[PDB]
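Reviewing the structure listed below.
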Amino acid sequence: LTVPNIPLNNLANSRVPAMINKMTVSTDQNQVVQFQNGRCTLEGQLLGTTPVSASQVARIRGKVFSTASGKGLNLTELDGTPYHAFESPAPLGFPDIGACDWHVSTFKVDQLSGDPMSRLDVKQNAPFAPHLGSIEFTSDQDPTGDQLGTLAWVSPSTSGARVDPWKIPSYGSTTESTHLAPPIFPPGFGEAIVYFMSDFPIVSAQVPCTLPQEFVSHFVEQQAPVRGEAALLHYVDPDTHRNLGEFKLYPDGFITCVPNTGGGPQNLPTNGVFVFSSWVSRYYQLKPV
Amino acid sequence: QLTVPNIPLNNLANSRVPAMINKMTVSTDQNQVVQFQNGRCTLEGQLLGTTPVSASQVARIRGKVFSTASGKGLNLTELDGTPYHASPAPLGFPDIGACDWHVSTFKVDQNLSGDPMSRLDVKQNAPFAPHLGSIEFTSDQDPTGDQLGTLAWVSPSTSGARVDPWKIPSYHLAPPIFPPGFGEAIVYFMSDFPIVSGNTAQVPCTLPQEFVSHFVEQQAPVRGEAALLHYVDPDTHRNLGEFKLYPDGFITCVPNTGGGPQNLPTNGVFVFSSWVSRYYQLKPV
Ligand SMILES: CC(=O)N[C@@H]1[C@@H](O[C@@H]2O[C@@H](C)[C@@H](O)[C@@H](O)[C@@H]2O)[C@H](O[C@@H]2O[C@H](CO)[C@H](O)[C@H](O)[C@H]2O)[C@@H](CO)O[C@H]1O
Ligand SMILES: CC(=O)N[C@@H]1[C@@H](O[C@@H]2O[C@@H](C)[C@@H](O)[C@@H](O)[C@@H]2O)[C@H](O[C@@H]2O[C@H](CO)[C@H](O)[C@H](O)[C@H]2O)[C@@H](CO)O[C@H]1O
């Protein structure tokens, strides 16, 4: 097993198209998340809506439809092939920033003149049910046909709400089975989930993810056998080659540390490289960072 | 030993625009020389031109707005906000030449309400001097401060002009790539992208972005004049075609007459086979 020999600041967020600019732990270290993107086991099994490439992250493709009530997209995978609702919550790469309005900038796939972009404004209201294969939108432009695009920004669902990018959508319409990647639980003994943060335009400031996207593709690519209960990593300064801290990478595909009281990995340099050290017991006792 | 990514072509990103690869092709004129500044990396992992490591750094721009009596523009920085020192441009800077760019940016600092996006409309005329650290733009919005964003679409420089995404800007340059050997054609990895010219509807690049990061990551020694690759169906394990990967960081094939790699399925995986001679003759594909 290896992890990417790439400094953290050259790694991409797995939940928005952006670069990671820092690590942190959640304010409440007992907080449980259930992100659907950035999810992959160490053996290379993609979970939830997680795609392989950073350029599949938080993107949408579909064919425009129009009814008496308004317009929407009948969803496909990002390559235009049929969406696998039977096994995933939404097309691979579909955004997972819950409980907010989305603004998605799309273009028509077969394109002679004029502004080609449409901004699709999507609400996560009662009828938002991407697992069933469609979403509705409003737009100040006139999108038609096969539209492909990327999440541009997010905003509050209602005037005066806030956006909490730590939430995920409700993919179903009702008891509807949506095939969610399971929750990630802080594993105990003072360990905290490490969140990789990126700047992103959130109107009412950073989006967390649990694996850098290149870690995901690395695991898919290697299909490495898991030879222990956890993988001990060192976070190494690439210029001085000093070990800046110990981290644990778990088979289910997330990373923890023991944050120093009043601190944590948010106080570490953001240009370090994670390096696999050894397979260890689930209860390997980390030095605080 | 040298390896290439164990990832099917349709899960690989373009290295010149933020998009996925959806086919391979050869140039209409198989003698055509290109000089792309992104997607450039040697097999040993040496980045060239403006090529960044991550797919989410491809064709992005960051800088501080200046807006004066004389004009508006960006004083460019690197994508992480650190100073750009006058390489052709900051890493990741777009390399789609001879066209207007439309770049959608947000204020990194922003703590205000409202539409956070600005579309920066950029022309490749006189004030376009990214090598010197600035470009000018017009915008129907009001961007201020530290703006970070991504190339959204491109359009003709002048009314009636066409956009040719095989061109690069006038900005250090990564060197031209000349079709090598006998009968070989450079393989171009294509992505759909909003180009508002004619029927063009595509972007070529010479290395998938994940190939670039793979080489940077691996730093493998070059042990021969060229690496023979097989393009393999990952389910049946059949070899679908022979390709040659050159140390300077590009791929060739010998296309069957009237055809070529554009006829191959896009779910195949490149696999290193062996080191071969610079004049190893490929099986037509
Ligand atoms: C005059 C009109 O009907 N539209 C103007 C835009 O031009 C149209 O859309 C552009 C993208 C091209 O497809 C034109 O052929 C078409 O008429 C014009 O858009 C600007 O076009 C410039 C070319 O002269 C250039 O590409 C520029 O980047 C682009 O923004 C806009 C902006 O001036 O004005 C419309 O009225
Ligand atoms: C000045 C004004 O009335 N602007 C309206 C937009 O609302 C502003 O910008 C949004 C993003 C929020 O920051 C508001 O607090 C601010 O007044 C409005 O934007 C829409 O806001 C909705 C929330 O009520 C929701 O987030 C929606 O997704 C977003 O588009 C736009 C669109 O209705 O209209 C402007 O006039």
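Simple scheme: letters A, B, ... for chains in structure tokens order, numbers from 1 for residues in each chain, numbers from 1 for ligands in the order shown.
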
For chain A, report every residue with an atom at most 9 Å from chain B (counting only C-alpha atoms), formatted as number ranges by chain.
A: 4-6, 9-13, 17-19, 21, 51-56, 78-79, 105, 107-117, 152-153, 155, 199-205, 214, 217-218, 220-222

Fewer than 6 positions away in the same chain doesn't count, so skip those; otherwise give me all residues within 12 Å of residue 253 in chain B, counting only C-alpha atoms, as number ranges by chain.
B: 24-27, 30, 179-188, 227-231, 241-246, 259-262, 280-285

If you run DSSP on this backbone, which residues of range 11-250 of chain B come out as strand (DSSP E or B), and could you give them as number ranges by chain?
B: 13, 20, 23-25, 34, 41, 47, 60-67, 72-77, 83, 100-107, 117-122, 129, 134-136, 138, 146-155, 177, 185-186, 188-191, 195, 203-205, 226-232, 239-246, 250

Using 7 Å as the limit and counting only C-alpha atoms and all ligand atoms, can you tabulate each residue of chain B that touches ligand 1, with its shortest atom-to-atom distance in Å and the two atoms involved, as CSV?
```
residue,atom,partner,partner_atom_place_in_ligand_line,distance
B:100,CA,ligand 1,28 (O),4.7
B:101,CA,ligand 1,28 (O),6.6
B:121,CA,ligand 1,28 (O),6.4
B:155,CA,ligand 1,26 (O),4.3
B:156,CA,ligand 1,26 (O),4.2
B:157,CA,ligand 1,26 (O),5.3
B:158,CA,ligand 1,24 (O),4.5
B:159,CA,ligand 1,24 (O),3.7
B:160,CA,ligand 1,15 (O),6.3
B:196,CA,ligand 1,13 (O),5.7
```

Can you write out the residues you just picked, keeping C-alpha atoms, as a compact mmCIF listing (two decimals), in the first residue's frame?
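After the write, result35.txt holds the following:
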```txt
# COMPACT_ATOMS: atom_id res chain seq x y z
CA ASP B 100 -11.33 35.41 -26.08
CA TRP B 101 -11.59 33.71 -22.68
CA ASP B 121 -13.93 38.52 -20.35
CA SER B 155 -15.05 32.57 -28.30
CA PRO B 156 -13.57 34.31 -31.38
CA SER B 157 -11.13 37.15 -30.91
CA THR B 158 -12.82 39.13 -33.62
CA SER B 159 -16.12 38.92 -35.31
CA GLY B 160 -16.03 36.09 -37.72
CA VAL B 196 -18.23 29.13 -29.63
```

Run DSSP on the backbone and grab whatever in range 19-259 of chain B lands in alpha helix (DSSP H); send it over as a VMD selection string.
chain B and resid 209 to 218

Can you tell me, as a ChimeraX atom specification, what residues are no more than 6 Å from range 34-51 of chain B when counting only C-alpha atoms, ignoring any on the same chain fewer than 5 positions away?
/B:15-16,91-92,173-174,176-177,207,212,215-216,219-221,247-249

I'd like to know which of A:235, A:35, A:189, A:196 is closest to residue 282 in chain A, using only C-alpha atoms.
A:189

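Nearest residue to ligand 2 among A:124, A:76, A:144, A:157 is A:157, counting only C-alpha atoms and all ligand atoms.
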
If you count only C-alpha atoms, which residues fall within 6 Å of residue 247 in chain A, apart from same-chain ones fewer than 4 positions away, as a PDB file with C-alpha atoms, in the first residue's frame?
```pdb
ATOM      1  CA  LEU A 232      -0.129   4.397   9.952  1.00  0.00           C
ATOM      2  CA  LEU A 233       0.843   7.477   7.945  1.00  0.00           C
ATOM      3  CA  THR A 256      -7.804  10.380  11.812  1.00  0.00           C
ATOM      4  CA  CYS A 257      -5.373  11.999  14.178  1.00  0.00           C
TER       5      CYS A 257
END
```

Residue 77 in chain B surroundings by only C-alpha atoms, 6 Å radius, close-in-sequence under 2 positions cut, as JSON, numbers by chain:
{"B": [62, 63, 81, 82, 83, 84]}

Quick one: residues within 8 Å of residue 22 in chain A, only C-alpha atoms counted, chain neighbours fewer than 2 positions away excluded, as a CSV table (one decimal) with C-alpha atoms, in the first residue's frame?
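File part_36.csv, as written:
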```
chain,number,residue,atom,x,y,z
A,8,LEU,CA,-1.4,18.4,0.4
A,9,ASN,CA,-1.8,21.8,-1.3
A,20,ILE,CA,-7.2,21.7,-0.6
A,24,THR,CA,-8.9,20.6,10.4
A,196,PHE,CA,-9.6,18.5,4.2
A,197,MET,CA,-10.9,22.0,3.5
A,198,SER,CA,-11.2,24.1,0.4
A,266,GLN,CA,-5.2,23.0,11.4
A,270,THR,CA,-0.3,22.7,4.4
```

One-decimal distance in Å that lies between CA of residue 103 in chain A and CA of residue 182 in chain A:
26.8 Å
